[PDB]
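Residue numbers (the deposited numbering), protein chains in the order written: chain B, 48 to 312; chain A, 48 to 312. Notes for the one structure printed next.
There are 2 protein chains.
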Amino acid sequence: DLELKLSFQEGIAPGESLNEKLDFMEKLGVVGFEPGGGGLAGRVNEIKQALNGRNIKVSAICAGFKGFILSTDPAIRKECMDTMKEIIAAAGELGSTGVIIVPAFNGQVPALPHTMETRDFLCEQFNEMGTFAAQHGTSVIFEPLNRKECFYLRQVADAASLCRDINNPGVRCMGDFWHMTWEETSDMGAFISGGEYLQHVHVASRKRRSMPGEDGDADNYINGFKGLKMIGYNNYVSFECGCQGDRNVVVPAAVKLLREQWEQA
Amino acid sequence: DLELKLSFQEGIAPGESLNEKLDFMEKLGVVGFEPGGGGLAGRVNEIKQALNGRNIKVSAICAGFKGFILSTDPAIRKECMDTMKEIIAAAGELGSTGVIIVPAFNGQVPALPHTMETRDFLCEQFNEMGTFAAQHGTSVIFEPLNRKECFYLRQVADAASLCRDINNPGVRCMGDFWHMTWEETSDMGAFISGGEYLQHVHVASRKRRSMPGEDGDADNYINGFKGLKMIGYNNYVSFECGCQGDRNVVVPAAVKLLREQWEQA
Ligand SMILES: [Mg+2]
Ligand SMILES: [Mg+2]
């Protein structure tokens, strides 16, 4: 009886305003809304007010911070910490499951070397953001990406181990089915390793990163869904993807597909 | 109905000769023997002769190569490749499931940096190793170790992804329960990620790396065993560990404990 809690990033639903998109999401029973972190503090009232009376809640906050935490430049690491804290505080007000963060993209250089001593440093920095997140009633969430976008953190099991070592309820992780296609031999095993640390999930079609279903037989999430069920996953599965067809047609088709696959898992 | 195929490294069983140790192994129904690869070519006759008429086969070959494949010194990398090929040919003559290899230990320096370019080079080298091993009816087996011994390759999911990318019937991976204690949030998840590439398993007590059971309640392999059953694992589970107590008492106890947990999984 575990529920699939679907969520959408802000650009997913058709509509000319935030309220039109939310109406569309309510029609489909999509219960999570995932905004970007950019300017979030200034959007708290807008978002709260649009959600009032709806069966929709803020799920994760997708990034939005400046700089990156593995820069060799302490000023850039501080920029990342400071901008993350601004977002975290707004995320807390919005009841968010947490703020998504990539430690370093490929092109974010110069970066600290990929060594154990750097990993310890990352864990310390994340412990500091997590303590702040927890005070604000939220978390920070490591996102692994595939090799085309990052090398540092690519697999859910790696992110989960970081979280276990940090041992902070404000420090969690996630898996993105797009990235997992390229970096996980098993979506199920990855999510199982995620376990109690798995705070969010991203979903997209698995060849073109468009709406689930637009890549036909490649868009198979059953193995991952079996992992989510085995861990009792109770957070959101949120769309982060493009769109090839007519959004009024393909968005509902994606929701239908994920629900069918959830039932089969 | 999946069977647990127990194996011992050479120093596990009590005895003053290889034949005495094998006699002890047969009495406990341990069917796998795991010798080190050091001077293996020169022991092929010895091992064949000792195994004649016995219900014991060679399982994996534990390392034995010189140098390391991630050295910045081409001569050291070549030493690794050349000595691995010697061992691989002997492994094949002995019907081994594969030769275990760690890309780089912490003290093996200077080493290539942990970057995507190094990962590509590692894949090229293992592909060469694997083509040779397949020709000889065996494999090479990546072993992830914990942070106290290595940084480069620590998790089963990472090793499995290397195997998937290399895509060679001669290149496989393993999990060692000792190392997994420190590097895996889920033994089940780790082995599920291992999947079709999982070729061997090491077992030890989980606090002091001694005989299973010597660390009491910490010596729980159920979760991992569930993962092995879920993937239809049909290779060996091999003891690589020390011994705190009377070897004549604690070795049979460890075998008994593992068989009990396997039945519970
Ligand atoms: Mg994502
Ligand atoms: Mg081992």
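All residues carry an ideal CB built from backbone N, CA and C; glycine is no exception.
In three-state DSSP terms, what is residue i?
{"i": "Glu190 of chain A", "result": "coil"}
{"i": "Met227 of chain B", "result": "helix"}
{"i": "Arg124 of chain A", "result": "helix"}
{"i": "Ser118 of chain A", "result": "strand"}
{"i": "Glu243 of chain A", "result": "helix"}
{"i": "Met131 of chain A", "result": "helix"}
{"i": "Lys273 of chain A", "result": "helix"}
{"i": "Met258 of chain B", "result": "coil"}
{"i": "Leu169 of chain A", "result": "helix"}
{"i": "residue 1 of chain B", "result": "Summary: the structure shown does not reach residue 1 of chain B, with chain B confined to residues 48 through 312, and so no result is reported for it."}
{"i": "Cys109 of chain B", "result": "strand"}
{"i": "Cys220 of chain B", "result": "strand"}
{"i": "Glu81 of chain A", "result": "strand"}
{"i": "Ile147 of chain A", "result": "strand"}
{"i": "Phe198 of chain B", "result": "coil"}
{"i": "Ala158 of chain A", "result": "strand"}
{"i": "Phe152 of chain B", "result": "coil"}
{"i": "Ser285 of chain A", "result": "strand"}
Pick from the options: whose alpha carbon is nearest that of residue i?
{"i": "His249 of chain A", "options": "A:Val297, A:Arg101 and A:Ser106", "result": "A:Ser106"}
{"i": "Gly142 of chain B", "options": "B:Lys74, B:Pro82, B:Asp293 and B:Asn295", "result": "B:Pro82"}
{"i": "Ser257 of chain A", "options": "A:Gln246, A:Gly279, A:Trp225 and A:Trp229", "result": "A:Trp225"}
{"i": "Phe112 of chain B", "options": "B:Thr178, B:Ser240, B:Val156 and B:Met131", "result": "B:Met131"}
{"i": "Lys254 of chain A", "options": "A:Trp229, A:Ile123 and A:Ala237", "result": "A:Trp229"}
{"i": "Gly100 of chain A", "options": "A:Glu73, A:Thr119 and A:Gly217", "result": "A:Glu73"}
{"i": "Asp212 of chain A", "options": "A:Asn66, A:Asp167, A:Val302 and A:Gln96", "result": "A:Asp167"}
{"i": "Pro191 of chain A", "options": "A:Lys68, A:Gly222, A:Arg306 and A:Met163", "result": "A:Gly222"}
{"i": "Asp205 of chain B", "options": "A:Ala136, A:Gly236, A:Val187 and A:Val297", "result": "A:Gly236"}
{"i": "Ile147 of chain A", "options": "A:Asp70, A:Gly217, A:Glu67 and A:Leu304", "result": "A:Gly217"}
{"i": "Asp129 of chain B", "options": "B:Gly84, B:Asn295 and B:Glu164", "result": "B:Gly84"}
{"i": "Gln308 of chain A", "options": "A:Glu164, A:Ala300, A:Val298 and A:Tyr268", "result": "A:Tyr268"}
{"i": "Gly154 of chain A", "options": "A:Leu117, A:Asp264, A:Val91 and A:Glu243", "result": "A:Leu117"}
{"i": "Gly89 of chain B", "options": "B:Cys290, B:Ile135, B:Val203 and B:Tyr283", "result": "B:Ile135"}
{"i": "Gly145 of chain A", "options": "A:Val203, A:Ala122 and A:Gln182", "result": "A:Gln182"}
{"i": "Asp293 of chain A", "options": "A:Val187, A:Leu53, A:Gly62 and A:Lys52", "result": "A:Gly62"}
{"i": "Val302 of chain B", "options": "B:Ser285, B:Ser240 and B:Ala312", "result": "B:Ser285"}
{"i": "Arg201 of chain B", "options": "A:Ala180, A:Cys197, A:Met163 and A:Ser233", "result": "A:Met163"}
{"i": "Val203 of chain A", "options": "B:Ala312, B:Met277, B:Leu75 and B:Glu231", "result": "B:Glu231"}
{"i": "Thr119 of chain A", "options": "A:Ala138, A:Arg219 and A:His161", "result": "A:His161"}
{"i": "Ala137 of chain A", "options": "A:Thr185, A:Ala158, A:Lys125 and A:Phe173", "result": "A:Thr185"}
{"i": "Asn193 of chain A", "options": "A:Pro150, A:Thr165 and A:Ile94", "result": "A:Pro150"}
{"i": "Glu140 of chain B", "options": "B:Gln246, B:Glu93 and B:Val296", "result": "B:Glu93"}
Show which residues of chain A have a CB atom less than 8 Å away from the CB atom of residue i.
{"i": "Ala237 of chain B", "result": "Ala204, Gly236 and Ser240"}
{"i": "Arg211 of chain B", "result": "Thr232"}
Along chain B, in chain order, which residues have C-beta atoms closer than 9 Å to that of residue i?
{"i": "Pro216 of chain A", "result": "Neighbours of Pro216 of chain A on chain B: none; closest Cβ ~16 Å, over 9 Å."}
{"i": "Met163 of chain A", "result": "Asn153, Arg194 and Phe198"}
By the criterion of Cβ-Cβ separation under 7 Å, what are the contact partners of residue i in chain B?
{"i": "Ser233 of chain A", "result": "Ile239, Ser240 and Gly242"}
{"i": "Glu230 of chain A", "result": "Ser208"}
Exercise for the section: Could you run through the segment 195–208 of chain A and flag, in chain order, every residue whose CB is less than 7 Å away from some CB of chain B? Expected result: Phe198, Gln202, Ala204, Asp205, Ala207 and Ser208
Exercise for the section: Please name the residues in the segment 126–160 of chain A whose beta-carbon is closer than 9 Å to at least one beta-carbon of chain B, in chain order. Expected result: Answer set for the segment 126–160 of chain A: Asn153 and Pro160.
Problem - Beta carbon shell of ligand 1 at less than 5 Å from a heavy atom - result: My final list is B:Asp223, B:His249 and B:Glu287.
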